[PDB]
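**Q** Provided herewith: data_15.cif, mmCIF, C-alpha atoms.
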data_protein
loop_
_atom_site.label_atom_id
_atom_site.label_comp_id
_atom_site.auth_asym_id
_atom_site.auth_seq_id
_atom_site.Cartn_x
_atom_site.Cartn_y
_atom_site.Cartn_z
CA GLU A 523 140.99 62.03 1.41
CA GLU A 524 141.24 64.39 4.38
CA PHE A 525 143.72 67.28 4.22
CA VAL A 526 146.20 67.34 7.09
CA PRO A 527 148.74 70.12 7.58
CA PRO A 528 152.31 69.78 6.24
CA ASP A 529 154.95 68.42 8.67
CA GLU A 530 158.16 70.25 9.66
CA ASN A 531 160.03 68.53 6.85
CA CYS A 532 157.69 69.38 3.99
CA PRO A 533 159.75 70.95 1.20
CA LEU A 534 156.82 72.04 -0.96
CA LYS A 535 156.16 75.59 -2.00
CA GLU A 536 152.73 76.80 -0.85
CA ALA A 537 152.72 73.69 1.27
CA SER A 538 149.54 74.59 3.18
CA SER A 539 147.50 75.55 0.14
CA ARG A 540 144.21 73.74 -0.22
CA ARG A 541 143.48 75.43 -3.53
CA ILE A 542 143.22 72.07 -5.36
CA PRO A 543 140.36 70.09 -3.84
CA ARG A 544 141.08 66.58 -2.54
CA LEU A 545 144.81 66.96 -3.16
CA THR A 546 146.74 66.15 0.01
CA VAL A 547 150.13 67.49 1.02
CA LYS A 548 151.44 63.92 0.91
CA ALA A 549 150.06 63.39 -2.60
CA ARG A 550 152.04 66.47 -3.68
CA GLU A 551 155.08 65.05 -1.89
CA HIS A 552 154.65 61.74 -3.74
CA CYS A 553 154.68 63.71 -7.00
CA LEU A 554 157.75 65.54 -5.79
CA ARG A 555 159.36 62.10 -5.27
CA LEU A 556 158.51 60.95 -8.80
CA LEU A 557 160.19 64.10 -10.11
CA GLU A 558 163.19 63.64 -7.80
CA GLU A 559 163.66 60.05 -8.94
CA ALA A 560 163.50 61.11 -12.60
CA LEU A 561 165.97 63.97 -12.07
CA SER A 562 168.29 61.65 -10.17
CA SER A 563 168.32 59.24 -13.11
CA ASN A 564 168.87 62.17 -15.47
CA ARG A 565 171.84 63.31 -13.40
CA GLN A 566 173.32 59.83 -13.51
CA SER A 567 172.85 59.83 -17.27
CA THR A 568 174.58 63.18 -17.79
CA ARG A 569 177.42 62.14 -15.51
CA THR A 570 177.92 59.01 -17.65
CA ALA A 571 177.95 61.31 -20.66
CA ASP A 572 180.48 63.64 -19.04
CA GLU A 573 182.80 60.69 -18.32
CA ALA A 574 182.68 59.63 -21.97
CA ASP A 575 183.58 63.21 -22.94
CA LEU A 576 186.40 63.24 -20.38
CA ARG A 577 187.71 59.92 -21.70
CA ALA A 578 187.64 61.30 -25.24
CA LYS A 579 189.60 64.36 -24.15
CA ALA A 580 192.18 62.20 -22.38
CA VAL A 581 192.61 59.98 -25.42
CA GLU A 582 193.19 63.10 -27.46
CA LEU A 583 195.73 64.50 -25.01
CA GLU A 584 197.61 61.23 -24.81
CA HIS A 585 197.64 60.78 -28.56
CA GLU A 586 199.08 64.22 -29.18
CA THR A 587 201.86 63.51 -26.70
CA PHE A 588 202.50 60.13 -28.30
CA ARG A 589 202.63 61.54 -31.83
CA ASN A 590 205.08 64.28 -30.84
CA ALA A 591 207.46 61.96 -29.00
CA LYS A 592 210.07 59.54 -30.31
CA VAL A 593 211.62 58.08 -27.15
CA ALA A 594 209.86 56.62 -24.14
CA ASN A 595 211.38 58.84 -21.42
CA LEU A 596 210.64 62.05 -23.27
CA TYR A 597 207.11 60.78 -23.90
CA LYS A 598 206.64 60.24 -20.16
CA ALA A 599 208.16 63.62 -19.27
CA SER A 600 205.88 65.28 -21.78
CA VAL A 601 202.89 63.54 -20.17
CA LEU A 602 203.93 64.71 -16.67
CA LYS A 603 204.29 68.25 -17.98
CA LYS A 604 200.78 68.19 -19.44
CA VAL A 605 199.47 66.87 -16.15
CA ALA A 606 201.28 69.79 -14.48
CA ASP A 607 199.57 72.19 -16.87
CA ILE A 608 196.19 70.70 -15.99
CA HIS A 609 196.83 71.03 -12.24
CA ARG A 610 197.76 74.67 -12.79
CA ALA A 611 194.56 75.52 -14.67
CA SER A 612 192.79 73.75 -11.80
CA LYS A 613 193.80 76.56 -9.47
CA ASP A 614 193.12 79.19 -12.12
CA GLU B 524 208.09 41.06 -28.32
CA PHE B 525 205.55 43.87 -28.58
CA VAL B 526 202.49 43.18 -26.49
CA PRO B 527 199.35 44.00 -28.49
CA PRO B 528 196.57 46.21 -27.16
CA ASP B 529 193.66 44.29 -25.52
CA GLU B 530 190.04 44.56 -26.67
CA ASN B 531 189.35 47.46 -24.24
CA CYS B 532 192.30 49.63 -25.30
CA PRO B 533 191.10 53.26 -25.63
CA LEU B 534 194.22 54.67 -27.34
CA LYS B 535 194.54 56.10 -30.83
CA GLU B 536 197.24 54.37 -32.90
CA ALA B 537 197.00 51.75 -30.17
CA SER B 538 199.14 49.19 -31.99
CA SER B 539 201.82 51.61 -33.13
CA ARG B 540 205.33 50.41 -32.36
CA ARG B 541 206.99 53.70 -33.19
CA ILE B 542 208.33 54.50 -29.75
CA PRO B 543 210.77 51.76 -28.69
CA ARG B 544 210.32 50.28 -25.22
CA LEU B 545 206.96 52.08 -24.81
CA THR B 546 204.26 49.56 -23.96
CA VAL B 547 200.60 49.97 -24.65
CA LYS B 548 199.91 49.60 -20.93
CA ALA B 549 202.36 52.42 -20.25
CA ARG B 550 200.46 54.63 -22.65
CA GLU B 551 197.21 53.61 -20.93
CA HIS B 552 198.73 54.56 -17.58
CA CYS B 553 199.57 57.97 -18.98
CA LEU B 554 196.10 58.30 -20.40
CA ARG B 555 194.80 57.60 -16.88
CA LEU B 556 197.10 60.23 -15.38
CA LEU B 557 195.75 62.79 -17.86
CA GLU B 558 192.19 61.61 -17.28
CA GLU B 559 192.43 62.01 -13.51
CA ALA B 560 193.99 65.45 -13.91
CA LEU B 561 191.15 66.47 -16.23
CA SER B 562 188.47 64.87 -14.05
CA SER B 563 189.62 66.93 -11.10
CA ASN B 564 189.98 70.11 -13.09
CA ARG B 565 186.54 69.52 -14.62
CA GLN B 566 184.84 68.46 -11.38
CA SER B 567 186.25 71.52 -9.60
CA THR B 568 186.06 74.39 -12.10
CA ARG B 569 182.72 73.36 -13.62
CA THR B 570 180.61 70.85 -11.63
CA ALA B 571 180.63 71.90 -7.95
CA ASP B 572 177.62 74.17 -8.53
CA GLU B 573 175.09 71.62 -9.71
CA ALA B 574 171.68 72.34 -8.23
CA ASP B 575 170.30 70.36 -5.32
CA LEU B 576 168.00 67.61 -6.68
CA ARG B 577 165.24 68.22 -4.19
CA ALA B 578 165.40 71.95 -4.89
CA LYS B 579 164.89 71.21 -8.59
CA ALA B 580 161.97 68.88 -7.91
CA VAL B 581 160.37 71.50 -5.59
CA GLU B 582 160.28 74.04 -8.38
CA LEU B 583 159.00 71.51 -10.95
CA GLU B 584 156.30 70.35 -8.59
CA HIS B 585 155.27 73.90 -7.74
CA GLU B 586 155.18 74.92 -11.37
CA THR B 587 152.78 72.03 -11.94
CA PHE B 588 150.73 72.81 -8.81
CA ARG B 589 150.26 76.48 -9.69
CA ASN B 590 149.16 75.74 -13.28
CA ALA B 591 146.50 73.21 -12.23
CA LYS B 592 143.04 73.56 -10.71
CA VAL B 593 142.01 69.88 -10.41
CA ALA B 594 143.87 67.05 -8.75
CA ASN B 595 143.79 64.53 -11.63
CA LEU B 596 145.08 67.08 -14.16
CA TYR B 597 147.82 68.14 -11.72
CA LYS B 598 148.83 64.48 -11.52
CA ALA B 599 148.80 63.95 -15.32
CA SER B 600 151.00 67.02 -15.70
CA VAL B 601 153.48 65.72 -13.14
CA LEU B 602 153.70 62.44 -15.09
CA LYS B 603 154.17 64.38 -18.32
CA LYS B 604 157.19 66.19 -16.83
CA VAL B 605 158.54 62.91 -15.51
CA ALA B 606 158.27 61.57 -19.09
CA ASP B 607 160.00 64.72 -20.43
CA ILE B 608 162.84 64.20 -17.98
CA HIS B 609 163.17 60.52 -18.94
CA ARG B 610 163.39 61.54 -22.58
CA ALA B 611 166.20 63.98 -21.80
CA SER B 612 167.95 61.09 -20.08
CA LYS B 613 167.74 58.47 -22.84
CA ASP B 614 169.36 61.11 -25.01
CA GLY B 615 172.03 61.79 -22.39
CA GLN B 616 171.06 65.46 -22.07
CA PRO B 617 170.71 67.46 -18.84
CA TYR B 618 167.43 68.79 -17.48
CA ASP B 619 168.69 72.20 -16.34
CA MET B 620 166.63 74.86 -14.56
#
Give the structure from this file in structure tokens form.

**A**
Amino acid sequence: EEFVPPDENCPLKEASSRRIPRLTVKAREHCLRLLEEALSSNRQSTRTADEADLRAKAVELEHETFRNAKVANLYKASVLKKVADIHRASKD
Amino acid sequence: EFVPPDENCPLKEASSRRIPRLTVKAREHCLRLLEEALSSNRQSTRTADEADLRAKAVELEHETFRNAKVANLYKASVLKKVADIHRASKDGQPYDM
């Protein structure tokens, strides 16, 4: 009902605006929360998607090392080298 | 004898016996080494600049606020954007701003 000023923590833009009648600061903050909750779920979803992509890339990298190797030790060394190449790109 | 891949094995040519003395679990370990290396590379070079969630919501809320004149229509519009975001999510797509 009654409009009360925003508190110190209010993150809203135009927080003090009373341009929309009967719309409280806290009602706007509740809407902000609904949006935050949705975006948080969206982020979790895209992270799950990124992991699946990362897994697919790893499978591909491992398979190419497997297919190019004939003996177990050289396979391993080839894997360690590719890991080294990834760490390098990580700096650059 | 050769130990078969289990039902969760992520490898291509998982059951291939071509490399002697190379177990499926050894290949999976190597896959995990590569995966961790990639995950770090990816999380560093390309994911450390994701926007703050509250900052995103502030702009979405304000965009709704400034385009509305009446409280109930402001609220319906907020719920519409919430629904839009959910839809992006079920499709595993990011809501970037």

**Q** I need the chain A residues near chain B as a list in words; criterion: at most 6 Å, counting only C-alpha atoms.

**A**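 That gives residues 534, 542, 545, 554, 557, 558, 564, 567, 568, 580, 581, 584, 592, 593, 594, 605 and 612 of chain A for chain A.
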
**Q** Between CA of residue 529 (chain A) and CA of residue 603 (chain B), what is the distance, to one decimal in Å?

**A** 27.3 Å

**Q** Step by step, gather every atom of region 537-555 of chain B that the file lists, find the box along x, y and z that holds them, add 8 Å on each side, and finally give centre and edge lengths in Å to one decimal, as AutoDock Vina command-line options.

**A**
--center_x 202.8 --center_y 53.7 --center_z -25.0 --size_x 32.0 --size_y 25.1 --size_z 32.3

**Q** Have a look at B:600, B:620, B:527, B:571 and name the one nearest to residue 556 (chain A); count only C-alpha atoms.

**A**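 Checking each candidate against residue 556 (chain A), we get B:600 as the closest.
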
**Q** Provide the CA of residue 603 (chain A) to CA of residue 570 (chain A) distance in Å, to one decimal place.

**A**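 Pair CA of residue 603 (chain A) / CA of residue 570 (chain A) returns 27.9 Å.
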
**Q** Measure the distance from CA of residue 532 (chain B) to CA of residue 582 (chain A) in Å and round it to one decimal.

**A**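 That distance, rounded to one decimal, is 13.7 Å.
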
**Q** Which residues come within 9 Å of residue 540 (chain A), counting all atoms listed in the file, excluding same-chain residues fewer than 6 positions away, as a VMD selection string?

**A** chain A and resid 525 546 to 547

**Q** Output C-alpha atoms for every residue in that selection, as a tab-separated table (two decimals), in the frame of the given file.

**A**
chain	number	residue	atom	x	y	z
A	525	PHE	CA	143.72	67.28	4.22
A	546	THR	CA	146.74	66.15	0.01
A	547	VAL	CA	150.13	67.49	1.02

**Q** Tell me which protein, DNA and RNA residues are within 8 Å of residue 528 (chain B), counting all atoms listed in the file, leaving out same-chain ones fewer than 5 positions away, and put them as a short mmCIF file (atom, residue, chain, number, x, y, z; two decimals) with C-alpha atoms, in the frame of the given file.

**A**
data_model
loop_
_atom_site.label_atom_id
_atom_site.label_comp_id
_atom_site.auth_asym_id
_atom_site.auth_seq_id
_atom_site.Cartn_x
_atom_site.Cartn_y
_atom_site.Cartn_z
CA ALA B 537 197.00 51.75 -30.17
CA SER B 538 199.14 49.19 -31.99
CA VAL B 547 200.60 49.97 -24.65
CA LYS B 548 199.91 49.60 -20.93
#
